[PDB]
Amino acid sequence: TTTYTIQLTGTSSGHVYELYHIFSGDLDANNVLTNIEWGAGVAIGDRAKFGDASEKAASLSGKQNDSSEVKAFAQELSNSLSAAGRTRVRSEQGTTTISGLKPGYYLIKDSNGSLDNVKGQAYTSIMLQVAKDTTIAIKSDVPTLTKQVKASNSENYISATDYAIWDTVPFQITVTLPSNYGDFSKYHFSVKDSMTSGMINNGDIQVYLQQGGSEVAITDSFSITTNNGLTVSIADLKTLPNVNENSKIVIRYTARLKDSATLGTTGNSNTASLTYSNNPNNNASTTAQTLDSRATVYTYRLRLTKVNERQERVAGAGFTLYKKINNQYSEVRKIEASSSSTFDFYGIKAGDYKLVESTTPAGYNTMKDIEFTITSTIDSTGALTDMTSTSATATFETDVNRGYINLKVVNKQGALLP
Ligand code: NA
């Protein structure tokens, strides 16, 4: 006899695909099926409710694979299956091949319960396929979620950057929808974000529908809660009619660093994941969760220690920190004079700065202004690898791991000229 192959592309490891023999027959060179009977994949009891196999086949002849009558037949068959005509195949990553199939029409699905509570997976849309030695794409996909933060020094969104205490930290979660979104009757959609422990959320969260190079706000259609992380949910995304398989859902919000934010290489991280409907068949209500997407924000502490040439600690200095925008230095932080001899500028980032001694301790020369540059090196993985602090007129000591930048300001007395 003759046997045929179905090769499924876009498959993932960890699945068990089932092929049910719906129709037997003979396949010609034009992929036309003759001499049609019911295959063993359809339970004998349920066959009579479809009628004669040949005439059922004839009624579908020439219709689109994604036409309504064929989708209907697939879903009805799914409740009429028999193990008698079943072939189970463990999936491979990329491409899964099933050879030695009896000729005819097959129903393809994921084995029941095989993906329950498995992250980043979904049950395939039930497929009807003629076994004809060809490759087809599995009608299965998962949504993706990416959490990003706006780069400190540009407009683009990346996984990690550095920020200062005076900055607003913009975050952006981008969700893509599965290619088979249309097959779902309803679509559960819930984004959970851990938020960042060393930051305060500004509560300015908005949700956008992004497609065709444009954005529309859809925030009011979502439930936005803070009982279990920051959660942004809609019971059924299908109630938004302009959302489709090619739509992107984008969540934006901003935060700001606390004065207790983690310094140095550990960073201040948050993770986000999506909970989604993972089975488009039989109006199912099971969900799965995407893997976490992480974003990180680094920051440093600049410490000044005010001393004199006698190596004594000196109180009563005051410092004004400027950061360079263009050619224009702009005041970002001031520490007024006190009994303190230490000055902590907690939450500083890469950039060009100027430090001014706005108040000089009694009986000492005013320090000359110090211009300095902080650099941050963040590798492709988003890890902070290096940090430096340098000036043409001063020396800093740095600890990249702890995120410390230390400057000793040496106060010197004037001249007694008798
Ligand atoms: Na799959």
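Quick note: the sequence shown uses PDB author numbering, first residue 28, plus one each step. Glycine is no exception: its CB is placed at the ideal position from the N, C-alpha and C atoms.
Within the same chain, 157, 159 come within 8 Å of residue 58 by CB-CB distance, once the 5 residues on both sides are set aside.
When distances are taken from the beta-carbon of residue 151 to the heavy atoms of the ligand NA, the shortest one is below 7 Å. Within the DSSP secondary-structure output, residue 309 pairs in no beta bridge. Cβ-Cβ distances below 6 Å link residue 210 to 152, 307 in the same chain, with the five nearest sequence neighbours on each side left out; the list follows chain order. Closest in alpha carbon position to residue 43, among 84, 289, 118, 147, is 118.
Using a cutoff of 7 Å, the CB of residue 313 does not count as near the ligand NA, since none of the ligand's heavy atoms is closer than that. Within its own chain, the residues whose Cβ lies closer than 6 Å to the Cβ of residue 319, once the five positions on either side in sequence are excluded, are 298, 300, listed in chain order. If you look at residue 83, you'll find it isn't in any beta strand (DSSP E); it sits in the alpha helix (DSSP H) that goes 80–87.
The closest heavy atom of the ligand NA lies less than 7 Å from the beta carbon of residue 165. Between residue 370 and the set 314, 354, 431, 312, the nearest pair of CA atoms involves 431.
The ligand NA has a heavy atom closer than 7 Å to the beta-carbon of residue 38. About 6 Å separates the beta carbons of residue 68 and residue 109, which is inside the 8 Å limit, making them a contact pair. When the five nearest sequence neighbours on each side are left out, the beta carbons in the same chain lying within less than 6 Å of the beta carbon of residue 313 are those of 305, 306, in order along the chain.
For residue 283, the closest of 244, 326, 256, 162 by C-alpha to C-alpha distance is 326. Around the beta carbon of residue 111, a 10 Å sphere encloses fewer than 16 other beta carbons of the protein chains shown; the residue is thus reported as exposed. At least one heavy atom of the ligand NA lies less than 7 Å from the C-beta of residue 118. The three-state reading of DSSP puts residue 316 in strand, counting E and B together.
Residue 46 carries a strand assignment under DSSP once its states are collapsed to helix, strand and coil.
Annotated as proximal: residue 177 and residue 197, with beta-carbon spacing under 8 Å.
Membership of residue 101 in the alpha helix (DSSP H) is indicated by the continuous run 95–104. C-alpha of residue 216 to C-alpha of residue 365: approximately 54 Å in a straight line.
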